[PDB]
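Shown here is one chain on its own, the form deposited in one PDB entry, set out as structure tokens.
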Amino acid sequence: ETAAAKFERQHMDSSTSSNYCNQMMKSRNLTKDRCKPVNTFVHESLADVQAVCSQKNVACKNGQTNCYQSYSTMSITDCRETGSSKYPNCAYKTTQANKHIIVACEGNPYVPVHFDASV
């Protein structure tokens, strides 16, 4: 699996609901080895998300500096584990939002490889 393809599996849902995160965290394999605690899905075209790597260069939350913030806010869905969630029985709360996405980009072609934050 390439880094770019892993970002698409974990974070892109361009074609698309309070069960959404429970359905999607399982279908994208994010409950397989552990309950991935927080994960965001983006409901914008893949072209529009890839274009963020040409938008505003900002620091990543860990201090790396190859992150990029979208000039427009985007339709996103935050998936966050519930208080009862415990692996192997993962459970998620779904929250829809409209926020600027921040991604780390790598490669040539230069594309998103990590979803960092929304602001």
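All residue numbers refer to positions in the sequence shown, first residue = 1. Heads up, when I say rigid core I mean the largest set of C-alphas that superpose within 1.5 Å between the two forms. Residues that one form lacks are left out of the comparison.
Interresidue gap class [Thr16, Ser17; deposited sequence, unmodelled]: 4 to 9 residues are missing.
Could you check which stretch, 84-92 or 65-73, carries the larger mean CA temperature factor in the entry? Looking at the record's C-alpha B-factors, the answer is 84-92.
Using the B-factors recorded in the PDB entry, average over the C-alpha atoms of 56-64 and of 30-38, then report which stretch comes out higher. Averaged over C-alpha atoms, the B-factors run higher in 30-38.
Ranking every modelled residue in this chain by its Cα temperature factor as given in the entry, which third contains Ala4? Highest third, going by the recorded CA B-factors of the chain.
By the recorded C-alpha temperature factor, relative to the other modelled residues in its chain, which third is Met24 in? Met24: CA B-factor falls in the middle third of its chain.
Going by the entry, which third of its chain does the Cα temperature factor of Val111 land in? Middle third, going by the recorded CA B-factors of the chain.
Just so it is clear, the following notes concern the form deposited with a partner chain bound, a form of the same protein that is not shown.
Consecutive stretches, 3 or more residues long, displaced between this form and the one not shown (C-alpha shift of at least 2 Å once the core is aligned): Run 32-34 stands out as the only one displaced between this form and the one not shown - at least 3 residues long.
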